[PDB]
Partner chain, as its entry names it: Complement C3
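First, one chain by itself: the form deposited without its partner chain, in structure tokens.
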């Protein structure tokens, strides 16, 4: 029914406590959204990319908190474009447990503008729309409190941005967006 992936920014700018707050938020959202026909998957990215759980592994152990708890920060830069390409191509791959015909959803959480990435969003976004992946993005912190940086949030997110883009001042404020995300996803 619904294949919901998460692409979480694990860059060096996110101090340890904010990283745990992001893990608390993902656990909470996954728990609130869990239904028999919903599988979840997660990838963390910096300048490195790590699949923490595939849809298959989540199906065999549908416990968000036990799957998320052990996750450790990758540190490094922010290769957001490459992160979404690997999500589209690997996370939503049938061999990883994705269900053909399922609604494909991706929730991106980042605290900074893409930097150092060899790929541009122009190399990644069109393929994502072609594969049907609906995208939500949550921009956290200072990196996104200007009009210019918000455009990047819009570029990542599905149309219209007003329905798929969330900005929150700090990782502590993520909890302020929990209900809206869930209800946007459910709708």
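Numbering follows the first chain given and starts at 1. Superpose the two forms; the largest set of C-alphas matching within 1.5 Å is the rigid core.
The following text describes the form deposited with its partner chain bound, which does not appear among the structures shown.
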- Looking in the entry with it bound, is its partner chain within 4.5 angstroms of a heavy atom from every one of 11, 74 and 78? yes
- residue 15, heavy atom within 4.5 angstroms of its partner chain in the entry with it bound: yes
- Task: Please run the contact check for residue 31 against its partner chain in the entry with it bound: heavy atoms, 4.5 angstroms, yes or no?
- Result: no
- May I ask you to check whether residue 57 falls inside a 4.5 Å heavy atom distance of its partner chain in the entry with it bound? no
- Query: Is there a heavy atom of residue 69 lying 4.5 Å or less from a heavy atom of its partner chain in the entry with it bound?
  - Reply: no
- Rigid-core frame, C-alpha of residue 148, shift of 2 angstroms or more between the shown form and the other one: yes
